[PDB]
Structure formats: structure tokens, C-alpha cells
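4 protein chains.
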Amino acid sequence: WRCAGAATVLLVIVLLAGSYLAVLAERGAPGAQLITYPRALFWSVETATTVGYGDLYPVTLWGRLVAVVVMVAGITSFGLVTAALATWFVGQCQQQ
Amino acid sequence: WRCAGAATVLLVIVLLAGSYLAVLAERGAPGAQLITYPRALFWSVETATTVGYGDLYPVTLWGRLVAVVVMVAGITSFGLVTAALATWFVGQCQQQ
Amino acid sequence: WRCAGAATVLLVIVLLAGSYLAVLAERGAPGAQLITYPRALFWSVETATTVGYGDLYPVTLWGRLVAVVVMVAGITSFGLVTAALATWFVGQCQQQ
Amino acid sequence: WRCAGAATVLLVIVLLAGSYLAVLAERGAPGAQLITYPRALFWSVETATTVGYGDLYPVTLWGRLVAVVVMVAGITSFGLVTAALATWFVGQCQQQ
Ligand SMILES: CCCCCCCCCCCCCC(=O)O[C@@H](CO)COC(=O)CCCCCCCC
Ligand SMILES: CCCCCCCCCCCCCC(=O)O[C@@H](CO)COC(=O)CCCCCCCC
Ligand SMILES: CCCCCCCCCCCCCC(=O)O[C@@H](CO)COC(=O)CCCCCCCC
Ligand SMILES: CCCCCCCCCCCCCC(=O)O[C@@H](CO)COC(=O)CCCCCCCC
Ligand SMILES: CCCCCCCCCO
Ligand SMILES: CCCCCCCCCO
Ligand SMILES: CCCCCCCCCO
Ligand SMILES: CCCCCCCCCO
Ligand SMILES: [K+]
Ligand SMILES: [K+]
Ligand SMILES: [K+]
Ligand SMILES: [K+]
Ligand SMILES: [K+]
Ligand SMILES: [K+]
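Chains as they are written, first to last, in the working numbering: chain U, 1237 to 1332; chain W, 1237 to 1332; chain L, 1237 to 1332; chain Y, 1237 to 1332.
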């Protein structure tokens, strides 16, 4: 019925697994700033929402490969979460 | 009928409340640049539209949590505002 | 019929008028880098497509107001241009 | 049937051809950082997904023209790849 929660679960899984694997892939490259889990979790949100401020980004092969998975899986899931919120909002747009 | 104004109202509420709570959450962290309301209002627009230049961004736990609300609520509402503008434009695309 | 060209015309108008008014609004503020028309035209593309690298952005009240018009009018028109390209691509996706 | 692979092929072609032509267009301008193929390939992903961190961007006329092609062709194709992933996910959203 409300599979929007299932897409929300998949989004949180991508945000958590992405931030965990990013720190795992970035530690080892001199100059890398995506090397601590707390700020790496907000980087996953920056990538999945496509906002991308640029304060945090990968600079390694794997780290950028992890970002690709966060892009493909996160933007799709976040697009499904924000689409359900759009449908619900219209459902009251006529109950004026 | 034209609930596009209702989504526009929700967008302005998210832009204003987001910029107000961001300054409230960022003041206190040394090095924070999102600490004045006027430029924080344009940061809300940068986030809601997903453009994200990167000249302004939060660096605190709460400030980033405020950004998440601006992302979830702002991108959904701005997506509804820009979708209604798209529909209206097509309505004249055949009145050539 | 192919109103996609009409949305393409509106996009070019927003890109040109936006880059012209941005330079007009940014010149006068010390430190502004969006002050020449050639690179301001690519800034309009960065904003309308929502990519937003961050190498160029407004720092004035009007300049940021011009960016809002480029966001509202440009993302809507570019969304219509890229949607027609998507429909056309599917039209051959079954002429295998 | 599953033309999603065809849009995926077009995306990879735009990512590869875009990163190849970007290095070809950027080498020659002092200060250009998009001058090696490996990191230019991730720049194509940053542009096509619209994330745009800002660590890499063109600064030449042609290089920015190449970016426009990566924007028009890449965002359209990546939008088709992520839309098929969204449809497939809903197909199991009711096989609970
Ligand atoms: C014409 C061909 C265009 C593309 C060629 C790409 C070749 C890949 C070879 C990888 C070697 C690593 C180079 C190196 O030692 O540098 C690493 C450390 O700086 C950075 O790694 C990287 O550059 C990351 C690779 C790009 C990410 C891939 C995006 C996936 C869609
Ligand atoms: C494997 C687990 C991966 C994720 C773990 C996250 C743990 C959160 C603990 C918070 C402690 C704060 C750390 C600190 O003192 O630093 C703050 C000041 O720099 C920055 O705050 C932050 O890092 C903000 C947290 C991330 C934003 C959350 C995004 C919501 C979707
Ligand atoms: C609680 C209220 C939150 C929002 C309050 C906003 C008040 C606006 C007053 C403008 C005074 C200019 C300040 C200044 O001298 O500085 C300018 C030069 O740095 C920068 O201009 C600016 O900050 C631009 C304003 C923000 C852009 C508006 C985005 C439209 C959606
Ligand atoms: C009112 C008119 C507004 C727009 C005018 C644009 C005129 C173009 C003339 C090009 C001359 C190059 C200037 C130069 O020597 O500088 C190059 C090296 O820095 C940078 O090239 C550039 O500025 C790139 C041009 C902008 C990209 C085009 C985006 C396409 C949608
Ligand atoms: C360099 C350490 C490799 C860690 C990569 C984790 C798995 C990445 C999958 O994209
Ligand atoms: C550190 C001050 C906390 C201010 C947070 C305001 C409410 C945030 C809701 O996301
Ligand atoms: C400071 C000079 C003002 C120029 C503004 C041009 C019109 C902007 C419309 O948003
Ligand atoms: C300055 C070298 C020109 C290279 C341009 C390659 C083709 C670009 C097509 O947009
Ligand atoms: K920077
Ligand atoms: K974006
Ligand atoms: K988008
Ligand atoms: K930046
Ligand atoms: K962006
Ligand atoms: K950026």
C-alpha cells in the first residue's frame, strides 16, 4: 500500500552503507577529507539529493566508485520518496 | 483549482523557516559562514532547487539536520511549483 | 506539434537575459567574479541544469534575485527540453 | 523490451566521449585541472547526475561546450536509467 516506506528504507540503507564504504575507501589517500563517518553521512545526503555543495567528495578510485553507487541507488530512491510526498500533497490540494 | 499557489506557499515557508533555523544552529561553531539571515535565505534556495553552488553550507549536526528538512520539504515543493509551470507552458504550446 | 523548440527558445532567452542581468547586477560589489558576459553565460547553464559547480555565483541582492529567475524559469524550461529528448529516445527503443 | 540497457549504453558513451573531449579541450589553458582522463571520467558522472561537487570543471570555450553536450545528453539518459530503476522498484512494492 504505502511502499513509500520501503523506498525510504532503501534510501537510509544507501546513505549508511555509502558513508561507511566511503570512509573505508578514502582513508589511505593523503589529502582526503571524507575520512570520518559523521560528516560522511551528510555527504551521502548531499549526493543522493543531487545538491552537492562540494565541501566533501571522494578522491580515490573506489571512493568515486562508491559515489557512483550512491548516485544510482540514492537518487532513484530519493526520487521515489519525494514523488510520494508530492502525490500526498496534491491529495489535499482539493480538500480546500 | 490552482493549488500551485499552495505549493508555492509551502516552499516560501520552508525557505524562511530553513534560513531562520540554520542561522540559529550554525552560530556557535567556529568557522561557520551560514550565520546571517539574508545570505542564509539564498542558501535555502540553493538547497531547495538542488543547485548547491557551495559558497554556503552547514557544518553542525543540527544545521545539517535543518538542511535535510530543507531538502525533503523544499525539493518536493519546488518540484511541484516547477511542474505546474511546465504544464501551463504546454497549454499554450498548441495555441500557435 | 514539436513545441520542444518553443521551450528551447525560452531556455536560450533565460540563459542570455540571465547572464546579461547578472553582470549588470554583480559589477559594483568588491570580490564579485560574475562580472563578464562570456563566463556568465556558462553560469546560467550551470544554474538552469542544476549542476552548480560553484566556480561562479552571485553575491549581491539583485544578482541573487536574478539567479532565482534563472532557477524558476530555466529549470522548468530545461526540464521540458530534456523530457522531450527522453520521449523521442523511447520512440526508437522499440524499433529494434 | 528492456530498452533501459540502450539508455545505459548511451549514458556510458556520453561519459566516455565527454571525458575524452574535455581533456582534449582543457589542455592548453593555464590553470586547468580537467586535463587527465581518469578524473575527467568522474567529472562526467558529476555533470550527468547533476551533483556537481565543483572539484573539477571546464574553464575553456570548447571545454564548456563539451560540458553542455554532457549536460543535454547525459542528464536525459541518466534520467531514463533512473526512471526505469524506479518503475522496477515499484513492481515489487506490492509483492509484499
Ligand atoms: C579515454 C578513457 C577515459 C577514461 C579512462 C579511465 C581509466 C580508469 C583507470 C583508473 C586508474 C586510476 C588512476 C589513478 O591512479 O589516480 C587515482 C588517484 O588520484 C584517481 O583515480 C580515478 O581517477 C578514479 C577513476 C574514475 C572513476 C570512474 C567513474 C566510473 C563511472
Ligand atoms: C557507520 C555510521 C555512519 C554514520 C554515523 C553518524 C553518527 C552521528 C553522530 C553525531 C555526532 C556528531 C559528531 C561531531 O561531534 O562533529 C560535528 C561537528 O563537526 C559534526 O556533526 C555531524 O557530523 C553531523 C552528523 C551527520 C548529519 C546527519 C545526516 C542525517 C541524514
Ligand atoms: C528571518 C528572515 C530571514 C530572511 C531575511 C532576508 C532579508 C532581506 C534583506 C536584504 C538586505 C541585504 C543585506 C545586505 O546588505 O548584504 C548583501 C551584500 O552582501 C547581500 O544581500 C543578500 O543577502 C541577498 C538576499 C537574499 C536573496 C533573497 C532570495 C530570494 C528568495
Ligand atoms: C550579452 C551576451 C552574453 C553572452 C556572450 C557570450 C559570447 C561568447 C564569446 C566567446 C569568447 C570567449 C571569451 C574568452 O576569450 O575567454 C575564455 C577563456 O577564459 C572563456 O570562454 C568562455 O567564456 C566560454 C563561453 C561561454 C560558454 C557558452 C555556453 C553555451 C550555452
Ligand atoms: C580501497 C578499499 C576498497 C573499499 C571498497 C568498498 C567496496 C566499494 C564498492 O563500490
Ligand atoms: C543547536 C541549536 C539547535 C537549533 C535547531 C533548530 C531545530 C532544528 C530542527 O531540525
Ligand atoms: C543593482 C542593479 C540592478 C540590476 C537588476 C536587473 C533586474 C533584476 C531582475 O531580477
Ligand atoms: C580546443 C580543442 C577543441 C576540441 C573540441 C572537441 C569537440 C567539442 C565538441 O563540443
Ligand atoms: K572551493
Ligand atoms: K541537481
Ligand atoms: K533533478
Ligand atoms: K566549491
Ligand atoms: K548541484
Ligand atoms: K558545488
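Even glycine gets a Cβ: it sits at the ideal position worked out from N, Cα and C.
- Residue environment for W:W1279: buried (at least 16 other C-beta atoms within 10 angstroms of its C-beta).
- For Y:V1304, the distance from the CB to the nearest heavy atom of ligand 13 is not below 7 Å.
- For U:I1249, the closest C-alpha among the options U:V1287, U:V1281 and U:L1292 is that of U:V1281.
- Interface criterion met: the Cβ of W:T1286 is under 8 Å from a Cβ in chain Y.
- Contact of Y:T1318 with chain U by beta-carbon distance below 8 Å involves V1308, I1311, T1312 and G1315.
- Annotation: the continuous alpha helix (DSSP H) that includes L:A1243 extends over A1240 to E1262.
- Under the Cβ distance rule, L:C1329 counts among the residues neighbouring chain Y, one pair being separated by less than 8 Å.
- Taking the Cα positions, L:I1271 is about 42 Å away from Y:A1242.
- Judged by DSSP secondary structure, Y:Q1328 falls within the alpha helix (DSSP H) whose first and last residues are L1297 to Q1328.
- Look at U:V1245: its beta carbon is at least 7 Å from all of the heavy atoms in ligand 2.
- Proximity of chain Y to L:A1322 at the Cβ level (cut-off 9 Å) is accounted for by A1243, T1312, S1313, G1315, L1316 and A1319, in chain order.
- DSSP places U:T1283 inside the alpha helix (DSSP H), whose first and last residues are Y1273 to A1284.
- From the listed residues Y:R1300, Y:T1285 and Y:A1284, the smallest Cα separation to L:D1291 is found for Y:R1300.
- In terms of Cα proximity to U:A1309, the closest of U:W1237, U:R1238, U:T1244 and U:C1239 is U:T1244.
- In terms of CA proximity to U:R1263, U:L1297 leads the group U:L1297, U:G1288, U:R1238 and U:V1287.
- Within chain Y, the residues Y1289, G1290 and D1291 have their CB atoms less than 7 Å from the CB of U:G1290, given in chain order.
- The C-beta of Y:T1323 has fewer than 16 other C-beta atoms within 10 Å across all chains shown, which makes the residue exposed.
- Listed along chain Y, no residue sits closer than 9 Å to L:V1295 by beta-carbon distance, the nearest being about 16 Å off.
- The beta carbons of W:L1321 and L:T1312 sit closer together than 8 Å.
- In the assembly as shown, L:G1254 is a buried residue. Its beta-carbon has 16 or more other beta-carbons within 10 Å.
- Taking each of Y:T1318, Y:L1257 and Y:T1286 in turn and checking the Cα distance to Y:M1307, the smallest one comes out for Y:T1286.
- Taking C-alpha positions only, L:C1329 is separated from Y:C1239 by approximately 5 Å.
- Residue contact check for U:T1272 against chain Y: no CB pair falls below 8 Å.
- Apart from the 5 residues on each side of it in sequence, L:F1314 sits with its Cβ closer than 7 Å to the Cβ of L1247, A1284 and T1285 in its chain, given in chain order.
- Chain-order list of chain W residues neighbouring L:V1304: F1278, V1281 and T1285, by C-beta distance under 9 Å.
- At a Cβ-Cβ threshold of 8 Å, U:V1302 and U:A1258 count as neighbours.
- Sixteen is the threshold: since fewer than 16 other Cβ atoms of the shown chains lie within 10 Å of the Cβ of L:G1267, the residue is exposed.
- Between Y:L1277 and the set U:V1304, U:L1316 and U:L1277, the nearest pair of CA atoms involves U:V1304.
- With a threshold of 7 Å, the Cβ atom of Y:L1257 counts as near ligand 8, since some heavy atom of the ligand is closer than that.
- At least one heavy atom of ligand 2 lies less than 7 Å from the C-beta of U:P1274.
- In this structure, the C-beta of Y:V1295 approaches ligand 4 to less than 7 Å from one of its heavy atoms.
- Check the Cα spacing between W:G1327 and each of L:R1275, L:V1295, L:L1316 and L:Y1256: the tightest is with L:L1316.
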